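As structure tokens, one chain now follows by itself in the form deposited in one PDB entry.
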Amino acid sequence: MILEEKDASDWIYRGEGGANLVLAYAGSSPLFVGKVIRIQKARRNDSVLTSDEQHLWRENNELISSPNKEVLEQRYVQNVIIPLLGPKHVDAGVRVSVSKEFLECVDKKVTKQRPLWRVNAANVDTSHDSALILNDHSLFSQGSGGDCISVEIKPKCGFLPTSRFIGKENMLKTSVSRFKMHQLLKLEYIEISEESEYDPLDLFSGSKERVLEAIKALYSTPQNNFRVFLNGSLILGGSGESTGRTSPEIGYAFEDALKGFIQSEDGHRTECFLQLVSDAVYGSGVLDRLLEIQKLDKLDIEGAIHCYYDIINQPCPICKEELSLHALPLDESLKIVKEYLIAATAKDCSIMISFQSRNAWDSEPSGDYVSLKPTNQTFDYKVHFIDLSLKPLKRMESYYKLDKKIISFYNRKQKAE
């Protein structure tokens, strides 16, 4: 019911993004075995919903009357995302009461395993009385079948905008993925050391060869897009952050960690694992439905931003001294922006794919598996989406400014012919 200070020692750092700290359970309590706990951070840059937001999510009443942010996320996923992605690959999570000292002790306990820059930016909001308990998707099933190799992919946006509302100076956005353009900026801002090889357009292409190309690229330059876990412990990718190119040292360590699981010859396990992930992702069709949601961003931020100012009743600062978008009835403007924010969730979520050697003694043999040609192995697999966070309405403003910054920096770098 309530987590207490002394329970803190049973949770171990697992990872974090910009919004949450995620800890894996290491204790014995049948309650938490196979779970992770997801804990919101307080951003130092930064009651449950602004007035404009309650206006935005008016169709979803349970969601507007959430007594806290944990319940908000919980109801968002259950009532808005599920009906869109299906419930098979999604877990809304169960709330659990936490005491202030539990939070404080956890924050202090994991501090040293956290990236320095993540610590500078945010800490566990010790003013929340609740956290989220999720199933740990590095564990094959809730409640064994041997080891479990788990892969996390954060696919980003897999389509190009085609908007009538993209300015003349910015048409490159029509040609070059946002992920690719953003790479140049990050490099310029010293957030990464080398541009990623990953092309979201390949992963979402629907082509088996191109999906494998994406997976191979993810492997070489994982950044914050790719991680691999062996029974819940990280063996490739960054811990709470983006990581650098895969070096020979990293390649070897990863190759070794796969022994027994991928039953190929020493030195060849890695290529076999990459083929296995590719088959799993491609065969599950799971990316197609995600892409559909991402494409709820129909007009691009350059279009959607106009509706946003209408929704909040401010004169549009983007138009200066569109006859089209600003002539929309409140109802359509709210729809457009709400879908833009749902798309933003889909653009930033992750997929975790759990693998385990196919178990002949399952009482109902899974329909979902992949046959590895050479090794003569069959693996059952499961896919779950994670990090299906609700994006705050106010973020429409920085989405526009970030976008403007990406395209103009890219334009400038290109003009440097």
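In this text, rigid core is short for the largest set of C-alphas that superpose within 1.5 Å between two forms. The first residue of the shown sequence is 1; numbering continues from there.
The next section is about a form of this same protein that is not shown, the form deposited in another entry.
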property: Which one of 240, 303, 200, 161, by Cα shift of 2 Å or more between this form and the one not shown, core superposed; result: 240
property: Post core alignment: residue 175 C-alpha displaced by 2 Å or more between this form and the one not shown; result: no
property: Residue shift check between this form and the one not shown, rigid core fit, residue 68 Cα at least 2 Å; result: no
property: Rigid-core frame, C-alpha of residue 82, shift of 2 angstroms or more between this form and the one not shown; result: no
property: Distance direction in that other deposited form for the C-alpha atoms of residue 242 and residue 389, relative to the displayed form (3 angstroms or more); result: farther
property: Note on residue 116-residue 409 C-alpha separation in that other deposited form, which departs from the shown form by 3 angstroms or more; result: farther
